[PDB]
Amino acid sequence: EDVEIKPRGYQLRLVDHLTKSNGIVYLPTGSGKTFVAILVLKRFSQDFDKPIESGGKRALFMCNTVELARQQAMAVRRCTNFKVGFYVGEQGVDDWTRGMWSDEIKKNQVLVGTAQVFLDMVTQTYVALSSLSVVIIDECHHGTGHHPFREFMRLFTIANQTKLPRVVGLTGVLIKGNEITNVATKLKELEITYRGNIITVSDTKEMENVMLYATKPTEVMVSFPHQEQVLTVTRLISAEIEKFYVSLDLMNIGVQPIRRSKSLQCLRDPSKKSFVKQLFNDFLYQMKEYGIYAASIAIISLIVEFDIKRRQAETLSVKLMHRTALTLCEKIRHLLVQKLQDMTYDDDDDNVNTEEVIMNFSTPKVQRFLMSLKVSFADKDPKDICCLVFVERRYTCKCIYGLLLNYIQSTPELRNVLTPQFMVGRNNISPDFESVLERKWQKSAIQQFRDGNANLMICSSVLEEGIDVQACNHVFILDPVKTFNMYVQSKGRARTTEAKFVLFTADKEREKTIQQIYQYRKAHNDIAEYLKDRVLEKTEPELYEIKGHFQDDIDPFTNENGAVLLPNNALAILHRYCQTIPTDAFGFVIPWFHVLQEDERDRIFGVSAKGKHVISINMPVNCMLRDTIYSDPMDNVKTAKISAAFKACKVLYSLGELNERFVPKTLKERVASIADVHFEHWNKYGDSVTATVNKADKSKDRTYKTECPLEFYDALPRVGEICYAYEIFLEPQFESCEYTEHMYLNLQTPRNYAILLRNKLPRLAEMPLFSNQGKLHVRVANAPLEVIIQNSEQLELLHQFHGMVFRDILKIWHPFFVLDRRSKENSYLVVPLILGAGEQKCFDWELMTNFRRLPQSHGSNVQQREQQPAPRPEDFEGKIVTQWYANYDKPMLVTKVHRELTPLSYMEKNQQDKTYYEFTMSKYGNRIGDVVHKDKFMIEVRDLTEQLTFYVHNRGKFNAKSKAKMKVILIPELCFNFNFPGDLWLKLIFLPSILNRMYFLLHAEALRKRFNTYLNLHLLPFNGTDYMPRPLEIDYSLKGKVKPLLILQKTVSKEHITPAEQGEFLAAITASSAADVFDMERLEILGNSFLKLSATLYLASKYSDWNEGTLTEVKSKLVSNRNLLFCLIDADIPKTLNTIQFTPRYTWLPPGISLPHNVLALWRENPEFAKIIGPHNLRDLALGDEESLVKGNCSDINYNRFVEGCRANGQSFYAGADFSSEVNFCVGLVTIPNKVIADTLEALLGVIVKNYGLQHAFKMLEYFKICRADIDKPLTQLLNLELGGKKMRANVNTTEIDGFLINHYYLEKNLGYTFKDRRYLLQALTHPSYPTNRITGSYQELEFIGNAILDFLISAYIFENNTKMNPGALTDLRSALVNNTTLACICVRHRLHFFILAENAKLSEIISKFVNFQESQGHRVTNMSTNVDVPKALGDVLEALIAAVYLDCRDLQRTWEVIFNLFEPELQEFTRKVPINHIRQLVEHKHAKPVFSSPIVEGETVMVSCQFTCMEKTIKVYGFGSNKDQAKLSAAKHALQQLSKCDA
Amino acid sequence: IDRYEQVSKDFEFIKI
RNA sequence: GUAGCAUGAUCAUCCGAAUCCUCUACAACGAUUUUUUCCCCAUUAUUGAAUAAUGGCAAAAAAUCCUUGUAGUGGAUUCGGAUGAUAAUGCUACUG
Ligand SMILES: Nc1ncnc2c1ncn2[C@@H]1O[C@H](COP(=O)(O)OP(=O)(O)O)[C@@H](O)[C@H]1O
Ligand SMILES: [Mg+2]
Ligand SMILES: [Mg+2]
């Protein structure tokens, strides 16, 4: 609205008086009291602008109901310009936190809601009571007893007593109930509780006449004669109903929660049976009170409610009983309609027939009601008339609605004037009469009344107060007037002029009704005069009686930080926390209360226990409050319960289960507390675990630096120093055929080459290679050969030869490549060896002195060929040649010399008449011209393979006879002669692969040394080395008695320990991206399983006083990729990883070659300019031999031109290009996905486990700061992880547990193990829903470690045994083998379900269904399962009693024995056949193309449309399912069965 | 009584 | 050396599947709590008449929490399918 809303004369004085002093305003309803309230709120607009800390405040507008709060909120919002905050319990402020509570506070000036919400906000210290300006209270008469208003007011007493906000209460009625006599004491109680003085108008003739515009109604009464006769049909109905009651009590359903008295003195019926009996009793009362036809209307509502309840009835027995009730009600409705039609024969006109039936088959009071209506409205205009009718019962409203609809349709006069509607409280009843959710609707009954669509409203007291209703003119009361408040408010509702207040009552109660109405009129008049004549007191300043008003109860306790715990909220807090603990359906969260006994009372308490009552509070076993708590002695059991809950919640807060704000703590508080202990290192990387926003860009992957191993670092030999020469060897593993003997013979010559170093090199593993012609092995000499470089020119020649090797022979040169003079990173030389003084292998000074640069093959012509000397067979024997005449510019290697053969000899194959010479002319005569020395010899040559990366076995049909079927014979005079030891050449192409693999092997050896030193093992098998292995089951490289596990055996016996060899470390380092023969993915699974086990054990032995949920969350957080990456980066590992595929000509840097030093510095000095340098710019520079040999730095003009070219990329498309993919290797940088590091950590852990065992591997976690191990218990981080994890609850010894476990020997014989302690089995068998047990905790704490133990054991077995099968399916096999449904099948196979000490309604039914289904399948895995559903708790208890067996034995070997003994058939079934894929295999099927729609679960059923393809067709199928994803799974199972049948 | 009696069909409201 | 075909791996883009979830708005569910009212009963003070005290049994009103479903998203992990294009391998023709 706007500013036209003008207060009257009394509102101004009311505001002025309220400003000076607190008080409760008392005016009749509809007098504008909300307007004067907001006007008061205007006067406190001083501190709403400023924030809390700056000195500002806010306001509180209080309401008792959600809808009234919303209405007044929108009213004030439209009536002012304040930021109106609206908060209710339904909105979702339950999980609101500090920052986004405070911003909401600072973004609003006035707050509205329900009393509980604001009370909770205040007690949780979100604001201070002294930080408030004024708290407006509405419907203040509610504030008695333990009402939230009084509780909230008490905080004023307990808070600071100075600078306290103003308080004002609003009401039109002051008294609730039948407490009329002695009004003054109640009024004074209202005065003191709200610490205010009531103010009311007294200046009569000025504005009493004014505010009487909300005029009082005229009240009339109409009587009806009593009915006494009882129809026979009624007693038939009663007999049927009572026999149905007897049957319902007799009939059996599953175990149900137990209800009893409010004081718990006497037992009670089960909830659902009580519900149906209550419905039947309500129906009987309806039919007694209203007659026969009304029952005919209401039986339809009974039918629809029973049908809906059956539809939502999950339990089969509940469905059965609801169906039985439906049949009974259907018979009742049949008899009722039969009697209804029994008198309809008289008149055939439906209108008058139904009308007279209504007046005939109804009680007389309803008849008088109907005549009252008919003569009241008397066919007036419908829009004008707006009447109200009040009734007590809920179903009464719907029944009278049905009767009114039928009558209105039966009265044409009223068929167009009355459009009734009915509405009731929150326990809503479907207004429909036919079926559930027939159509959607968006208008409330109240809304339709407000819009004139409903001129008549049927309602209980729900519409009495608050809800804004326009001025009505008629109100009718059917049920007897009960309370003063409802009477006065109802008569106040009739606000318009000449409004009629009407009520009906029986004749014999007329005098009683007269007494009640006169009593109420007296109660109003004496109140009015008492206010008119009250004593003038200011604000009830008698603080003494103010405190005495509340001292009677238990004094609330407040802790530090200002948080205060209200005793009246103790039940709510405790029950809410109990609800926070996860549980199944029947799994009770309610703390099972109990009433003590007098003998027990004085057995536990003193003599005072006899005077008053004491009770006990228990705790469901899931929580840690296994110790029971007893309340203080209290007179009434009510305050006894309050005290019990208060003490219990105080103890809970003391334990820290309650947060400081006195609310149960979520996992967020747990992780926040743990972060500064276990996730401290994240801060150094700018991230934190609590930062949930990190869940956005986890896919991003970072870069890292690289550095050569320490031996290769700055190891260029110096002139005048000692140097180490390390020989290479080449042994051809393949046997050679006739077409390959050249390579086999050549590489085995004693003349080999060596790598020259100045630091010592450790022992290296023998290395396998994959040639184009066979398999190869490489070994490096252990004892180096010693030389001293006496001549600096010898070193210069060595450097020139090493540089020219890569520059020319292997075609690795680049325009920017420069020999490194700085000699810091990866600097060393490789030098050839010649047969020296016998055993000595000196240097081939000849080759380096001659082949400084390879000469250029020139096209010699005939003219220059005449005087050229003849070819010597020795000059050409085993030397490098090339065909300069032809287009082929590559080099060639000769095999043998054909002295006898000569030109003009015929080619043997396919050209027996055509000779080599004439063919040579016919081919390239235009280029060669002619051949001189026609009588000379020829030679035999074979190609040299251009491939350089020999890691991967190039599997294929080489066809050894056909690959070299052609034989190549050449005239020596026609080819260039590189006189060179060809064997050295053909060895030289394999150099780069050896160099790279040994470069990574050095890192591997360094890591092996580090992890042997840190774990302190220097025993005999430390030394030596083993030949490197290769895998076959790695995809690309295609070409009774339980057996004890070796890992456990080595962990218990040191005799089987084995030293870790370089090969395993290197494989752990080689990423799958860098596709060599091996990779780490086979070790990754073992690493992951061991890490999971270690984290589980450590957390259990460290935080044993925590529930399962937080433990699971933290354990999952620990092994997350982020944490592994963060813990590994600071471990200095990643810069020594093998990830990049080795392509030398473009993605590798030679050892002796680097960039120019100046440009290297510029790159390492201008990060702003580093990102723009592109490979084209690098190739732009043209560095001759001078630049790459004598300087190491480009020319300054060339420097300027190169930098100009680099800068020119900004204005071109080259700007912003991700050059890192091309130039990172030029400065020893690389980018690696985070998944790779997450894998390599577990890869290292896997080998460290495999070679040594669990106990030694435990130290590795603390080495990677995985867990901050405690030095106070040194054995924990080493051995107590297999010895610890228990507490007091597994210490007490008693034979009573044999009572819980019946025929335990049968289960033990079925399982195979014997328990020294049965307590552990009971704990693992302790399902959460089992109150009767009080000796041990639940089974979650056992299942948590059972999961880890089982998965690790199964992973160890599959890794050690299932060898020849790739990891990519090993992960699938382990996931299938650890599946919960498989565990359930195992459990039912040995029938362990019988011993599950659990109780639950739906769980028992579902386990029965599962077990009988498995019996039908005969205890065999149906690979998944087509059954409706599977019980998770079943697999849970099995895998928990696994841990129970371990704990009873404390021996992993026995655990493996028992696990294998139950898993034998399933293991041999999964390891033989394809274990499982399912769902996905259909989607990626060759011809099956399944797609699905959205599944909808309906009660106990779910259907989904499965749109797939089969046998080149498209078929449509359905399947029985449980939920949406289970509907998809069932459809996929049916599709799988159809595909199998089609294939079969 | 089988059939309920008919209350006064003509009935003008009484005023307290 | 030259083409076609087949294959492996990868980026990019699109879509799908599995697991775990989050948020949104709506609906349903169950549990707990608070007020009020009637009826009846019990035990006491006293014995009949008559009272008083409480305590318990059914009805209306109001709040809170949990769960489930509806759909849209969004996110993490694994993974598949499709495709430009890139580079790698093998084979089958033309050969050199
Ligand atoms: N003096 C006045 N100035 C402004 N508005 C008034 C005045 N008197 C009555 N009204 C209007 O009449 C309405 C009375 O209804 P309301 O006060 O909301 O019911 P209740 O008395 O139950 O709070 C108010 O909304 C108010 O806007
Ligand atoms: Mg109306
Ligand atoms: Mg109001």
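**Quick notes on the overall build of chain A**
Argument step 1. Counting its regular elements, chain A contains 57 helices and 38 strands.
Argument step 2. For 1544 residues, the compact-globule estimate of 2.2 N^0.38 gives 36 Å, and chain A exceeds it by more than 25% at 47 Å.
Argument step 3. Based on the C-alpha atoms only, the size of chain A along its principal axes is roughly 150 × 80 × 75 Å.
Argument step 4. Within the structure as shown, chain A displays about 72,700 Å² of accessible surface, and the carbon and sulfur contribution to it stands at 56%.
Argument step 5. Mean positive and mean negative side-chain charge positions of chain A (187 and 181 charges, respectively) differ by 1 Å.

**Considering the environment of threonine 920 of chain A**
Argument step 1. With respect to the helices, strands and loops of the structure, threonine 920 of chain A is situated in helix α29 (residues 916-928).
Argument step 2. If we skip the residues at most four places from it in the chain, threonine 920 of chain A touches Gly925, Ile928 and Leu974 of chain A.

**Description of the packing of aromatic side chains**
Residues and elements named next belong to chain A.
Argument step 1. Overall, the coordinates contain 49 aromatic pairs over all chains when judged by the stated rule.
Argument step 2. Ring centres 5.8 Å apart and planes at 15° place the aromatic pair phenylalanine 851 and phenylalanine 980 in the stacked group. A residue pair is termed long-range when its members are at least 10 positions apart, and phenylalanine 851 in the loop between α26 (845-850) and α27 (862-867) and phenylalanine 980 in the loop between β31 (976-978) and α31 (982-988) qualify at 129 residues.
Argument step 3. With a relative accessible area of 13%, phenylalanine 851 lands in the buried category.
Argument step 4. By relative accessible area, which is 8% here, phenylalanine 980 ends up buried.
Argument step 5. Residues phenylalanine 1142 and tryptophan 1148 carry aromatic rings whose centres are separated by 5.1 Å and whose planes lie at 90° to one another, so their mutual orientation is edge-to-face. As far as burial versus exposure is concerned, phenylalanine 1142 and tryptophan 1148 are alike and both buried.

**Looking at the nonpolar core**
Argument step 1. Counting 241 residues, the largest nonpolar core has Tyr885, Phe1090, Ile1248, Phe1264, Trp1456 and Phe1463 of chain A as the members making the most contacts within it.
Argument step 2. Counting residues in hydrophobic clusters, the runner-up holds 70 residues, among them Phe118, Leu190, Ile446 and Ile467 of chain A.

**Comments concerning the protein's contact with RNA strand C**
All names here are of chain A.
Argument step 1. In the neighbourhood of RNA strand C, 62 residues make up the surrounding shell, with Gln265, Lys638, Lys695, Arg1480 and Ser1494 lying closest.
Argument step 2. In RNA strand C, the atoms that sit within 4 Å of the protein are 94% sugar and phosphate, with bases accounting for the remainder.
Argument step 3. A distance of 2.6 Å separates a phosphate oxygen of RNA strand C from a polar backbone atom of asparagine 178.
Argument step 4. Elements supplying a minimum of two residues to the surface near RNA strand C: α10 (271-290), α11 (293-312), α20 (570-580), α22 (637-654), α29, α56 (1480-1483) and α57 (1524-1543).
Argument step 5. Taken together, the residues of the surface near RNA strand C sort by class into 11 nonpolar, 25 polar and 26 charged.

**Focus: the domain arrangement of chain A**
Argument step 1. The domains assigned to chain A are domain 1 (551-669) and domain 2 (862-985).
Argument step 2. Computed from C-alpha atoms alone, the centre-to-centre distance between domain 1 of chain A and domain 2 of chain A is 100 Å.

**Looking at empty space enclosed by the protein**
All names here are of chain A.
Argument step 1. Considering only enclosed or pocket space, the largest cavity measures out at about 500 Å³ in volume.
Argument step 2. Of the residues that constitute the lining of the largest cavity, the class distribution is 13 nonpolar, 10 polar and eight charged.
Argument step 3. Of the volumes computed, that of the second largest cavity is approximately 180 Å³.
Argument step 4. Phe801, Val805, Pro832, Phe980 and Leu988 are, among the 16 residues lining the second largest cavity, the residues nearest its centre.
Argument step 5. For the lining of the second largest cavity, the secondary structure elements donating two or more residues are α25 (792-809), β25 (829-835) and α31.
Argument step 6. If you tally residues by element for the lining of the second largest cavity, the top one is α25, at four residues.
Argument step 7. Among the residues forming the lining of the second largest cavity, the class breakdown is 16 nonpolar, no polar and no charged.

**Thoughts on the environment of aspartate 16 of chain A**
Argument step 1. When you line up the elements, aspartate 16 of chain A lands in helix α1 (residues 9-20).
Argument step 2. What makes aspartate 16 of chain A exposed here is its relative accessible area of 51%.

**Comments concerning the pairing of strand β19 (residues 722-732) of chain A**
Residues and elements named next belong to chain A.
Argument step 1. By the criterion of burial, β19 is predominantly enclosed, with nine of the 11 residues buried.
Argument step 2. As paired elements, β19 and strand β23 (residues 785-788) share four bridges and run antiparallel to each other. In the strand pairing of β23, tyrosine 724 is matched with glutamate 786.
Argument step 3. Pairing of β19 with strand β20 (residues 753-757) involves four bridges; the strand directions are antiparallel. Residue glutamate 727 lies in a different strand from β20, and its bridge partner there is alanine 754.
Argument step 4. Judged from the five bridges that link them, β19 and strand β22 (residues 775-780) form a sheet pairing that is antiparallel. Note that in β22 the partner of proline 732 across the bridge is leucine 776.

**Some details on the site of ligand 1**
All names here are of chain A.
Argument step 1. Residues in contact with ligand 1 amount to 13 residues; listed here are only the nearest, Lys6, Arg8, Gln11, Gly30 and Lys33.
Argument step 2. One of the backbone N or O atoms of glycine 32 is found 3.2 Å from an oxygen atom in ligand 1.
Argument step 3. The protein chains hide 74% of the 550 Å² of surface that ligand 1 would expose on its own.
Argument step 4. The biggest single contributor to the shell around ligand 1 is helix α2 (residues 33-42), with three residues.
Argument step 5. For the shell around ligand 1, the class distribution of residues is four nonpolar, six polar and three charged.

**Considering the sheet that holds strand β5 (residues 132-138) of chain A**
Residue and element names in this part refer to chain A.
Argument step 1. A sheet is described by the order of its strands in space; here six strands give the open sequence β1-β6-β5-β2-β4-β3, paired in parallel fashion. Each of the sheet's edge strands pairs with one partner strand only, and the pair in question is β1 (23-26) and β3 (84-86). With strand direction ignored, the average angle separating the axes of adjacent strands in the sheet is 20°.
Argument step 2. In terms of strand pairing, β3 meets strand β4 (residues 110-114) through three bridges, oriented parallel.

**Structural notes on unusual backbone geometry**
All names here are of chain A.
Argument step 1. Here the phi dihedral of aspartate 1035 falls at roughly 65°; this positive angle occurs in a residue that is not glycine.
Argument step 2. In this fold, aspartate 1035 is placed in the loop between α32 (991-1014) and α33 (1046-1052).
Argument step 3. Of note in the backbone geometry, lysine 1265 takes a positive phi value of approximately 40° without being a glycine.
Argument step 4. In this fold, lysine 1265 is placed in the loop between α46 (1254-1263) and α47 (1297-1300).

**Observations regarding the UniProt feature "binding site: ATP" in chain A**
Residue and element names in this part refer to chain A.
Argument step 1. As recorded in UniProt, the sites labelled "binding site: ATP" are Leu27, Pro28, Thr29, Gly30, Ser31, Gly32, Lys33 and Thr34.
Argument step 2. Examined against the element boundaries, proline 28 turns out to sit in the loop between β1 and α2.
Argument step 3. Relative to the elements of secondary structure, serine 31 occurs in the loop between β1 and α2.
Argument step 4. Each residue touching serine 31, except ones within four places of it in the same chain, is listed here: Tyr10, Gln11 and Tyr213.

**Considering the pattern of salt bridges**
Residue and element names in this part refer to chain A.
Argument step 1. Counted by the stated rule, this structure contains 51 salt bridges over all chains.
Argument step 2. Residue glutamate 151 is joined to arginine 154 by a salt bridge in which the shortest nitrogen-to-oxygen separation is 2.3 Å. In this pair, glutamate 151 and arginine 154 both sit in helix α6 (residues 148-158), three residues apart, roughly one turn of the helix. Neither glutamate 151 nor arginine 154 differs from the other in exposure class; each is buried.
Argument step 3. For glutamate 1469, the salt bridge is made with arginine 1472, and the minimal N-O distance between the two is 3.0 Å. Taken together, the residues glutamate 1469 and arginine 1472, both in helix α55 (residues 1452-1472) and three residues apart, mark about one turn of the helix.
Argument step 4. Connected through shared salt-bridge partners, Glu151, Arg154 and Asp553 make up one network.

**What to know about the packing of helix α9 (residues 232-250) of chain A against α10 of chain A**
Residue and element names in this part refer to chain A.
Argument step 1. Where α9 meets α10, the axes come as close as 11 Å, and the angle between the chain directions of the two elements is 175°. Classed by the angle they form, the pair α9 and α10 counts as roughly antiparallel. Residue-level contacts link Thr234, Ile237, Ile241, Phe244, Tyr245, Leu248 and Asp249 of α9 to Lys273, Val276, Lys277, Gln278, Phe280, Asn281, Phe283, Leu284 and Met287 of α10.
Argument step 2. Residues that form the contact of α9 with α10 fall into these classes: 10 nonpolar, three polar and three charged.

Definitions and cut-offs
- The residue numbering used throughout counts from 1 along each chain in the order its sequence is written. It may not match the entry numbering, and residues with no coordinates are not shown.
- Both sets of labels track the order of writing: A upward for chains, 1 upward for ligands.
- Side-chain numbers here rest on the full set of heavy atoms in the structure, without hydrogens or water.
- Only DSSP runs of H or I covering at least 4 residues are called helices, and only runs of E covering at least 2 are called strands; the numbering of each starts at the N terminus.
- Based on C-alpha atoms, the radius of gyration is set beside the globule rule, defined as 2.2 Å times the residue count to the power 0.38.
- We get accessible surface area from the Shrake-Rupley algorithm with a probe of 1.4 Å; when it comes to residues, only the shown protein chains can shield them.
- We count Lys and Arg on the positive side and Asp and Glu on the negative side, and we leave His and both chain ends out.
- Where a charge sits is defined by one atom per residue type, namely NZ (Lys), CZ (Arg), CG (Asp) or CD (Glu).
- Note on contacts: a residue pair qualifies if any of its non-hydrogen atoms lie within 4.5 Å across the two residues.
- To pair, rings of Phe, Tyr and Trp, with the six-membered ring standing in for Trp, must have centres within 6.5 Å; the planes then decide the type, stacked if under 30 degrees apart, edge-to-face if over 60, and tilted in the middle.
- With a 1.4 Å probe rolled over the protein chains alone, any residue whose accessible area is under 20% of its type maximum counts as buried; one over 50% counts as exposed, and the rest are partly exposed.
- Residues belong to one nonpolar core when they are buried, are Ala, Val, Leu, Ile, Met, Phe, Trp, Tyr or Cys, and are joined through side-chain atoms within 4.5 Å.
- Throughout this document, a residue counts as near a molecule or strand when at least one of its heavy atoms sits within 4 Å of that molecule or strand.
- As used in this structure description, the phrase polar contact means that two N or O atoms lie within 3.5 Å; if the pair is within protein, one of them must be able to donate a hydrogen and the other to accept it, and residues adjacent in sequence are counted only when both atoms belong to side chains.
- Three classes are used, and their members are as follows: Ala, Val, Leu, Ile, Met, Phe, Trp, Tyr, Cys and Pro are nonpolar, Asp, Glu, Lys and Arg are charged, and the others, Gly among them, are polar.
- Boundaries of every domain are those given by an automatic assignment or by a domain database.
- Whether a set of points on the 1 Å grid over the protein atoms alone is a cavity depends on a 1.4 Å probe fitting there but being unable to get out, while an open set qualifies as a pocket with protein on both sides within 12 Å along at least five of seven lines; lining residues are those with an atom within 4 Å of a point.
- Grid points are joined across faces, edges and corners, and a volume is the space filled by probe spheres set on the points.
- Pairing between two strands is assigned when DSSP locates at least 2 bridges connecting them.
- For helices, the axis comes from a line fit to the C-alpha atoms of the stretch in contact; other axes are also lines fit to C-alpha atoms, and the angle between any two N-to-C directions lies between 0 and 180 degrees.
- UniProt positions are given in the numbering used here, feature names are shortened, and annotations may be inferred rather than shown by experiment.
- By salt bridge we mean one thing: a side-chain nitrogen of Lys or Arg within 4 Å of a carboxyl oxygen of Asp or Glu.
- Orientation labels follow simple angle bins: below 35 degrees gives roughly parallel, above 145 gives roughly antiparallel, 65 to 115 gives roughly perpendicular, and whatever is left gives oblique.

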